[PDB]
Every structure is written in structure tokens, then in C-alpha cells.
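J.: Below: one structure in C-alpha cells.
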Amino acid sequence: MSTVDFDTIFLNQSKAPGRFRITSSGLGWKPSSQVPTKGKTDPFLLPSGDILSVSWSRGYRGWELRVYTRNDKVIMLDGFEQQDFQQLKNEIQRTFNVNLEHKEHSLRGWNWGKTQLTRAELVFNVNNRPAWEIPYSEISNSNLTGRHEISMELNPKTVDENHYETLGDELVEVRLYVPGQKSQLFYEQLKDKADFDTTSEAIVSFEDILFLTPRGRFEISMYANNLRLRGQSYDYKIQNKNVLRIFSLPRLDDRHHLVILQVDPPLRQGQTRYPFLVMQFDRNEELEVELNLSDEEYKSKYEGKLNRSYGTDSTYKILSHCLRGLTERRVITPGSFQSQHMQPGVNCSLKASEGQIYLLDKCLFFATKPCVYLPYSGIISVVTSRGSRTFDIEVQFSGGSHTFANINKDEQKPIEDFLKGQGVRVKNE
Amino acid sequence: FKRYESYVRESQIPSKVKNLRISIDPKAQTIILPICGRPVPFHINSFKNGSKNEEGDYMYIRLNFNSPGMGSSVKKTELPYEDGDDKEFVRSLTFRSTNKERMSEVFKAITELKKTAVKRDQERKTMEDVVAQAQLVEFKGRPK
């Protein structure tokens, strides 16, 4: 029985070369024993019955043999020479009765084309030729980022007990622009074919929340590991780990309440970034909410962190408690600072933007686009300058200075005494 | 559409490209990107702009390409892509790498290649309206 073998072949972009073998039982690949690869030394084996079709095309390391399986998986074998094509074609035809297809790829350098959802891979065609293909197994998540914009996140190739170390620069995110009234249907079809986790059970949803940064009526759906923001033009998925801080701050109008999320990495809308999400509630808005949790899961994971049912209390309180319970982040409320007018903050302008400055126990926080967070540990000195019924506050820190202008002069003494109490160096010109 | 092309044949892809990494060809004015084990060319005219972010042990590069909606300052008379309502576009690709220094150099070289391309296109546009004149005939005596 003529076993045909190829040395120096790589499996799925493996860093280590291996020996590839064709047998009547199937395909085999084994890593070459010369590299200390912390990693199982077990041979990869693909049964002959699982092979659907095989394509030949140009890869990074020479020629690539791409094997399509009946289980909708794509196997990539790279490192072949151009001469190997005739031998491989004859052996694959003889052993598996499968034609080896030669697939030519577009080299034009154009970023426009047509996407084509094939059974196991997303194909991008440029002038009726494939430019690139992404296996559905490499897609971790997909999210509509605008009316014509689809963002696909790819599985980060890090450390998994079942995968060979990858060598090179890794693709993390692909954004497509699909014009016409069409991107929503493409997103639905991609979701069905990529087989993403289904029957998702949000623990709690909040409808029609009016944001300010960016301004929009978003639905907030909360899950065990992640928060989803659904909007008319943009869907966002935020991991609970990426929420750094939660602020719950009353607006000085005494009619509204602000809930502010600090997110790292900052949310993207096209080119603009939102490190802070600013939600605006009415103080008189009451909501009753039951958590969608089984009694066994509630007792084991969420007892003492979340209430099973929230009565008819203010929406911003319920939301702040749910965020605290799911993200394990402390909610920052207004500190011991009280303005001359007994208010928890002061009106000021940062450059051309009018807003409210909150002196919280650990930090100064400005709450109008752009949102500014300044921890007292990072502040070198605060300089009070005369512009006047108003005065200006320059906060100096290791990365620059921020001038807050148009502050009422009556608020000068309360602010100075509070900042001195927090151990901040105040200088009066 | 200003017709541009990176390569006509696979043999024009430099032998250097083999480490499954981002590489730049200044001769073909092309960025070669590692998409799922394939060396995908993108011409510098399809490239719009990019950003670089450092995150823990990794360096991220986002490359943005020309698409309708996110259009460049070019006039309606000359598009960097062919007109097409049914055409879908690669708007951005984000890559990561453990090697921060090289990834910073690659980003600088992409940015320089774009600057050189834009400068050459401006120089061409400034020369298009320069009519080649006849040669001045010197006076054979004492000129005024």
C-alpha cells in the first residue's frame, strides 16, 4: 500500500512543521519532533468518510490544501510546493474519489466586491474571484454597528489545550459595509450559518433608555457575562469585565438622574469613541422587574447580590443595583460635598461645553460630553484664577491641565475647603 | 474609477512574504495582509487611514479602507472605487501582534507609502494643465 507523505507541512497555520500522510483510512498530520511545543504530541487524524471536497490554492508558505469536511469544518494544510500538485491530485482522486479543485484568488488590491455565505466559510469575491475566505468556526461574534455596517469579531488565537501555537499577525475584527435597502438580512443569514449560541435568556431587559453619550433610545439587555445595548442603528456587546466604574449622579435640575458607565476598551461609533456611556432617567420613572433566573441558579450565584424581584422603585436604582450585582463593580454615588446651594455638584464650562462638576470622595467627575474623570491621586495641584461674578479652576495632572470656567464665586470657598480636605494642593493666584 | 491593480500574477508576490505577517510592497504600492493563512493584497489607493493601539502584551492596528458613507475629500468626478449600488466594501480590518516595535514600524511605513502616493497624485494633477511650450529662439545679435 503506497503511503504518500509530505514533510514540512503546517496544520491550521501551526508554528511547528509536521509530517502529512495520505492513507486509505483518511488524512493524518503529526508535528515534527524537533520543536519543544508545550502541547499534546498526538497526531491529527481526519477519517476518509468526513472529506467532502478539496481545494488547492496559494497560501503564505507556498501552496495550501484546503479540505472541506461534511461537519462544516475547514482544515488548512500549507507548505506544499507547486510540483506536489500532480501527485496530490492523483492520490486524492485514487484514495477518496474527490476532485482536487484549483482555486485562483483575486490579487487586484480592491476592497470592494460581493460577499457570499458558503456552507462552511464566508467568501469575499473581487471581480468574480475569491479575495479571501473566513471559516465560520473562526468567527466568535457578529454585531450590526450601523444601518449598512456589519462587524465580525474573530476568536482570539491565545492558549487553548487543543490548538497548536499560531505564527504571525492575527486578524481580530472585520468590518463590512453592505449598501442598499440588505445588511440586516445578511446579518440574520450569517447568524444562522455560523451557528452562534441560541435560545439566549437575558436575566433582565430595560427598554427605551435615553442615552446622552451617544444620544439614543437603547434597549439594555443584561446577561451573566455580558451587557447588550440594542439601538435603531447600532448594536453593542459589552463584556461585564470591560465595565470599570459605575456612577449614579443626580442632575442639578432636581428632575433627572444620570447613570454613567466607564467602559474599557471605549465603545466605537464609526471613528468616534465613547469611554463613558451617559444614561438619563426621570426621577419619577418607576419600574417593576422580575429576574429571568431559575431558583437554583439564583440561590447558588446571585443570592445577596441581586433581588429576585424588584418592586415598583425608581428605574435608575434598579438598573444601578443590577449593574452592581452582574459586574461586581461598586456604584459611585455623590460624596460628602455640598455646594452653597446644598447641591451635590456645580455648574461649569469645560472649553465650549457647558456641564456639571461633581466633587466625589475619590475623584472629580465632569458629566457632559466630553466626560472627564480625574482621580485625586493623579492631581498635582488645583489653581483658582480670576476670569467677575465667576472664577475658573485649572486642574493640573501628570498628563496635562483642564480649565473649568464660569463657576459662581460663591462656590469658591466650599470647593477649596473640600479639595484641601481630600489632600489636594490648592493654589490661589 | 481610477483603475489601479496590485498584482496580475501570484509570482509577483515577494518571496519575503511567508511569516503570516503584515508586509508592505513599495514597488507595487500594496499592503499585504494575513487573512486566514492567505496573503491578501490591498492597493494604497483603497486604503483610507489607520490607527494603532497598545493593549497589554499585544499591539493592535486598525486599517480603514475607502467606502461610500465614510468617503474621502475627493470630488464626485473621480472615485477610488468603481460605482456600484450592489458592491459591498471591506470597511476596516483589525490585526494584533505580540511584537510592538515591528508593528509600529509597519504602521509608519504604510503611512509614508500613503503620503508618497498622495504627493505623486498632486504632482500629476498640477502637471496635467501644463501645455508643453515651444523652445525660445535666441537673438543672433546683441539682445535688448
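To be explicit about the labels: the chains of the C-alpha cells are called A, B, and onward in the order shown, and within each one the residues are counted from 1, while ligands get numbers from 1 in the order they are shown.
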Report as JSON lines: every residue of chain A with an atom at most 6 Å from chain B, its closest pair of atoms, and their distance in Å to one decimal, counting only C-alpha atoms, with rows sorted by chain and ascending residue number.

T.:
{"residue": "A:59", "atom": "CA", "partner": "B:38", "partner_atom": "CA", "distance": 4.8}
{"residue": "A:60", "atom": "CA", "partner": "B:18", "partner_atom": "CA", "distance": 4.8}
{"residue": "A:61", "atom": "CA", "partner": "B:18", "partner_atom": "CA", "distance": 5.0}
{"residue": "A:107", "atom": "CA", "partner": "B:7", "partner_atom": "CA", "distance": 5.3}
{"residue": "A:108", "atom": "CA", "partner": "B:5", "partner_atom": "CA", "distance": 4.6}
{"residue": "A:109", "atom": "CA", "partner": "B:42", "partner_atom": "CA", "distance": 3.8}
{"residue": "A:111", "atom": "CA", "partner": "B:90", "partner_atom": "CA", "distance": 5.1}
{"residue": "A:112", "atom": "CA", "partner": "B:89", "partner_atom": "CA", "distance": 4.2}
{"residue": "A:113", "atom": "CA", "partner": "B:88", "partner_atom": "CA", "distance": 5.3}
{"residue": "A:114", "atom": "CA", "partner": "B:88", "partner_atom": "CA", "distance": 5.5}
{"residue": "A:168", "atom": "CA", "partner": "B:20", "partner_atom": "CA", "distance": 4.9}
{"residue": "A:169", "atom": "CA", "partner": "B:21", "partner_atom": "CA", "distance": 4.8}
{"residue": "A:170", "atom": "CA", "partner": "B:96", "partner_atom": "CA", "distance": 5.3}
{"residue": "A:171", "atom": "CA", "partner": "B:95", "partner_atom": "CA", "distance": 4.5}
{"residue": "A:172", "atom": "CA", "partner": "B:95", "partner_atom": "CA", "distance": 5.5}
{"residue": "A:173", "atom": "CA", "partner": "B:94", "partner_atom": "CA", "distance": 5.0}
{"residue": "A:174", "atom": "CA", "partner": "B:93", "partner_atom": "CA", "distance": 4.9}
{"residue": "A:175", "atom": "CA", "partner": "B:92", "partner_atom": "CA", "distance": 5.0}
{"residue": "A:176", "atom": "CA", "partner": "B:90", "partner_atom": "CA", "distance": 4.9}
{"residue": "A:177", "atom": "CA", "partner": "B:89", "partner_atom": "CA", "distance": 5.1}
{"residue": "A:178", "atom": "CA", "partner": "B:88", "partner_atom": "CA", "distance": 4.8}

J.: Using only N, CA and C atoms, please write the residues we just selected to a file, as a PDB file, in the first residue's frame.

T.:
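That gives us out_15.pdb:
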ATOM      1  N   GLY A  59      -1.178  29.846  -0.599  1.00  0.00           N
ATOM      2  CA  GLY A  59      -1.117  30.236   0.818  1.00  0.00           C
ATOM      3  C   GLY A  59       0.059  31.169   1.135  1.00  0.00           C
ATOM      4  N   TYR A  60       0.374  31.399   2.409  1.00  0.00           N
ATOM      5  CA  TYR A  60       1.568  32.172   2.801  1.00  0.00           C
ATOM      6  C   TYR A  60       2.887  31.417   2.565  1.00  0.00           C
ATOM      7  N   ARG A  61       2.932  30.133   2.932  1.00  0.00           N
ATOM      8  CA  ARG A  61       4.142  29.291   2.933  1.00  0.00           C
ATOM      9  C   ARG A  61       4.312  28.432   1.676  1.00  0.00           C
ATOM     10  N   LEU A 107      -5.928  39.192  -6.927  1.00  0.00           N
ATOM     11  CA  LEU A 107      -4.750  39.939  -6.469  1.00  0.00           C
ATOM     12  C   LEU A 107      -4.819  41.439  -6.790  1.00  0.00           C
ATOM     13  N   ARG A 108      -6.000  41.943  -7.171  1.00  0.00           N
ATOM     14  CA  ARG A 108      -6.170  43.323  -7.656  1.00  0.00           C
ATOM     15  C   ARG A 108      -5.947  44.389  -6.584  1.00  0.00           C
ATOM     16  N   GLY A 109      -6.119  44.053  -5.308  1.00  0.00           N
ATOM     17  CA  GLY A 109      -5.966  45.022  -4.218  1.00  0.00           C
ATOM     18  C   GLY A 109      -7.178  45.919  -3.970  1.00  0.00           C
ATOM     19  N   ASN A 111     -10.870  46.767  -2.327  1.00  0.00           N
ATOM     20  CA  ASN A 111     -11.609  46.479  -1.098  1.00  0.00           C
ATOM     21  C   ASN A 111     -13.127  46.373  -1.323  1.00  0.00           C
ATOM     22  N   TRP A 112     -13.546  46.430  -2.591  1.00  0.00           N
ATOM     23  CA  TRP A 112     -14.984  46.252  -2.916  1.00  0.00           C
ATOM     24  C   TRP A 112     -15.194  44.898  -3.594  1.00  0.00           C
ATOM     25  N   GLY A 113     -16.432  44.418  -3.609  1.00  0.00           N
ATOM     26  CA  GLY A 113     -16.759  43.108  -4.140  1.00  0.00           C
ATOM     27  C   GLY A 113     -18.171  42.661  -3.774  1.00  0.00           C
ATOM     28  N   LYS A 114     -18.365  41.346  -3.689  1.00  0.00           N
ATOM     29  CA  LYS A 114     -19.597  40.714  -3.203  1.00  0.00           C
ATOM     30  C   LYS A 114     -19.239  39.654  -2.171  1.00  0.00           C
ATOM     31  N   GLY A 168       2.539  34.599  13.638  1.00  0.00           N
ATOM     32  CA  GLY A 168       2.358  35.824  12.852  1.00  0.00           C
ATOM     33  C   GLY A 168       1.427  36.859  13.473  1.00  0.00           C
ATOM     34  N   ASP A 169       0.881  37.708  12.604  1.00  0.00           N
ATOM     35  CA  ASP A 169      -0.100  38.737  12.955  1.00  0.00           C
ATOM     36  C   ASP A 169      -1.502  38.150  12.815  1.00  0.00           C
ATOM     37  N   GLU A 170      -2.337  38.324  13.831  1.00  0.00           N
ATOM     38  CA  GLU A 170      -3.658  37.695  13.892  1.00  0.00           C
ATOM     39  C   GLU A 170      -4.760  38.704  13.596  1.00  0.00           C
ATOM     40  N   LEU A 171      -5.700  38.325  12.735  1.00  0.00           N
ATOM     41  CA  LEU A 171      -6.897  39.102  12.451  1.00  0.00           C
ATOM     42  C   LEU A 171      -7.893  38.957  13.613  1.00  0.00           C
ATOM     43  N   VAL A 172      -8.368  40.083  14.142  1.00  0.00           N
ATOM     44  CA  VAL A 172      -9.246  40.141  15.326  1.00  0.00           C
ATOM     45  C   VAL A 172     -10.655  40.582  14.966  1.00  0.00           C
ATOM     46  N   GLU A 173     -10.780  41.494  14.006  1.00  0.00           N
ATOM     47  CA  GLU A 173     -12.062  42.107  13.674  1.00  0.00           C
ATOM     48  C   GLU A 173     -12.098  42.477  12.192  1.00  0.00           C
ATOM     49  N   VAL A 174     -13.215  42.168  11.543  1.00  0.00           N
ATOM     50  CA  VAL A 174     -13.517  42.529  10.157  1.00  0.00           C
ATOM     51  C   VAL A 174     -14.805  43.328  10.140  1.00  0.00           C
ATOM     52  N   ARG A 175     -14.782  44.519   9.543  1.00  0.00           N
ATOM     53  CA  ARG A 175     -15.990  45.318   9.320  1.00  0.00           C
ATOM     54  C   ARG A 175     -16.298  45.416   7.844  1.00  0.00           C
ATOM     55  N   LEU A 176     -17.512  45.032   7.489  1.00  0.00           N
ATOM     56  CA  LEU A 176     -18.062  45.111   6.146  1.00  0.00           C
ATOM     57  C   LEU A 176     -19.088  46.242   6.062  1.00  0.00           C
ATOM     58  N   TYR A 177     -19.150  46.872   4.898  1.00  0.00           N
ATOM     59  CA  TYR A 177     -20.165  47.839   4.530  1.00  0.00           C
ATOM     60  C   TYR A 177     -21.004  47.262   3.390  1.00  0.00           C
ATOM     61  N   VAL A 178     -22.288  47.051   3.663  1.00  0.00           N
ATOM     62  CA  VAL A 178     -23.260  46.449   2.743  1.00  0.00           C
ATOM     63  C   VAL A 178     -24.324  47.509   2.429  1.00  0.00           C
TER      64      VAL A 178
END

J.: Within 12 Å of residue 121 (chain B), counting only C-alpha atoms, which residues show up once you throw out same-chain ones fewer than 6 positions away? Write them as a list in words, please.

T.: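 Here the answer would be residues 2, 45, 74, 114, 115, 127 and 128 of chain B.
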
J.: Let's have the selection written as a CSV table (one decimal), in the first residue's frame, with N, CA, C and O atoms.

T.:
chain,number,residue,atom,x,y,z
B,2,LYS,N,-10.5,55.5,-11.2
B,2,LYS,CA,-9.1,55.4,-11.5
B,2,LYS,C,-8.7,54.0,-11.3
B,2,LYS,O,-8.4,53.6,-10.2
B,45,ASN,N,-4.3,53.0,-2.8
B,45,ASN,CA,-5.5,53.8,-3.2
B,45,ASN,C,-6.8,53.3,-2.6
B,45,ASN,O,-7.7,54.1,-2.4
B,74,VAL,N,-12.2,63.5,-1.8
B,74,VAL,CA,-12.2,63.5,-3.3
B,74,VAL,C,-13.5,64.0,-3.9
B,74,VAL,O,-14.5,63.7,-3.3
B,114,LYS,N,1.3,56.0,1.8
B,114,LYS,CA,0.2,56.8,1.5
B,114,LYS,C,0.5,58.3,1.2
B,114,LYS,O,0.0,58.8,0.3
B,115,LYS,N,1.4,58.9,2.0
B,115,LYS,CA,1.9,60.3,1.8
B,115,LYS,C,2.6,60.4,0.5
B,115,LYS,O,2.3,61.3,-0.3
B,127,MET,N,0.6,69.0,-13.1
B,127,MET,CA,1.3,68.9,-14.4
B,127,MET,C,0.3,68.7,-15.6
B,127,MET,O,0.7,69.0,-16.7
B,128,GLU,N,-0.9,68.1,-15.3
B,128,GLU,CA,-1.9,67.9,-16.4
B,128,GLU,C,-2.3,69.1,-17.2
B,128,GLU,O,-2.4,69.0,-18.4

J.: Could you tell me how far CA of residue 331 (chain A) sits from CA of residue 247 (chain A), in Å to one decimal place?

T.: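 So the answer is 5.6 Å.
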
J.: How far is it from CA of residue 147 (chain A) to CA of residue 122 (chain A), in Å with one decimal?

T.: 20.4 Å

J.: Name the closest residue to residue 50 (chain B) among the candidates A:271, A:394, A:125, A:294; distances are taken between atoms, counting only C-alpha atoms.

T.: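 Closest candidate: A:271.
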
J.: Please list as a PyMOL selection string every residue within 8 Å of residue 311 (chain A), counting only C-alpha atoms and excluding residues in the same chain fewer than 6 positions away.

T.: chain A and resi 287-289

J.: As JSON, numbers by chain, please: the residues near residue 97 (chain A) (cut-off 12 Å, only C-alpha atoms, same-chain neighbours under 5 positions excluded).

T.: {"A": [24, 48, 49, 51, 52, 53, 54, 89, 90, 91, 92]}

J.: Can you tell me, as a ChimeraX atom specification, which residues in region 193-237 of chain A count as strand (DSSP E) by DSSP?

T.: /A:204-213,215-222,226-230,235-237

J.: Once you have the residues from the selection above, write them out as a PDB file, in the first residue's frame, restricted to C-alpha atoms.

T.:
ATOM      1  CA  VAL A 204     -33.188  41.400  32.725  1.00  0.00           C
ATOM      2  CA  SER A 205     -34.081  43.888  29.943  1.00  0.00           C
ATOM      3  CA  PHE A 206     -34.672  47.658  30.164  1.00  0.00           C
ATOM      4  CA  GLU A 207     -36.484  49.236  27.206  1.00  0.00           C
ATOM      5  CA  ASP A 208     -36.351  52.806  25.788  1.00  0.00           C
ATOM      6  CA  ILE A 209     -33.392  54.157  27.879  1.00  0.00           C
ATOM      7  CA  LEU A 210     -32.481  57.653  26.621  1.00  0.00           C
ATOM      8  CA  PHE A 211     -28.655  57.941  26.446  1.00  0.00           C
ATOM      9  CA  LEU A 212     -26.769  61.279  26.093  1.00  0.00           C
ATOM     10  CA  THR A 213     -23.291  59.970  25.081  1.00  0.00           C
ATOM     11  CA  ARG A 215     -27.699  60.172  22.481  1.00  0.00           C
ATOM     12  CA  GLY A 216     -30.099  57.323  21.552  1.00  0.00           C
ATOM     13  CA  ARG A 217     -33.088  55.236  22.753  1.00  0.00           C
ATOM     14  CA  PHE A 218     -31.276  51.973  23.565  1.00  0.00           C
ATOM     15  CA  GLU A 219     -32.678  48.766  24.998  1.00  0.00           C
ATOM     16  CA  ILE A 220     -30.308  47.356  27.667  1.00  0.00           C
ATOM     17  CA  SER A 221     -30.342  43.521  27.876  1.00  0.00           C
ATOM     18  CA  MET A 222     -28.211  42.058  30.730  1.00  0.00           C
ATOM     19  CA  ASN A 226     -22.146  40.490  29.060  1.00  0.00           C
ATOM     20  CA  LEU A 227     -24.359  43.594  28.631  1.00  0.00           C
ATOM     21  CA  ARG A 228     -26.081  44.265  25.271  1.00  0.00           C
ATOM     22  CA  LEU A 229     -27.175  47.707  24.053  1.00  0.00           C
ATOM     23  CA  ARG A 230     -29.706  47.436  21.185  1.00  0.00           C
ATOM     24  CA  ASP A 235     -25.976  47.119  18.479  1.00  0.00           C
ATOM     25  CA  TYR A 236     -23.209  46.928  21.113  1.00  0.00           C
ATOM     26  CA  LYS A 237     -21.994  43.926  23.160  1.00  0.00           C
TER      27      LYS A 237
END

J.: Take CA of residue 74 (chain A) and CA of residue 20 (chain A) and report the distance between them in Å, one decimal.

T.: 16.3 Å

J.: Between A:300, A:240, A:23, A:151, which is the closest to residue 268 (chain A) once you count only C-alpha atoms?

T.: A:151
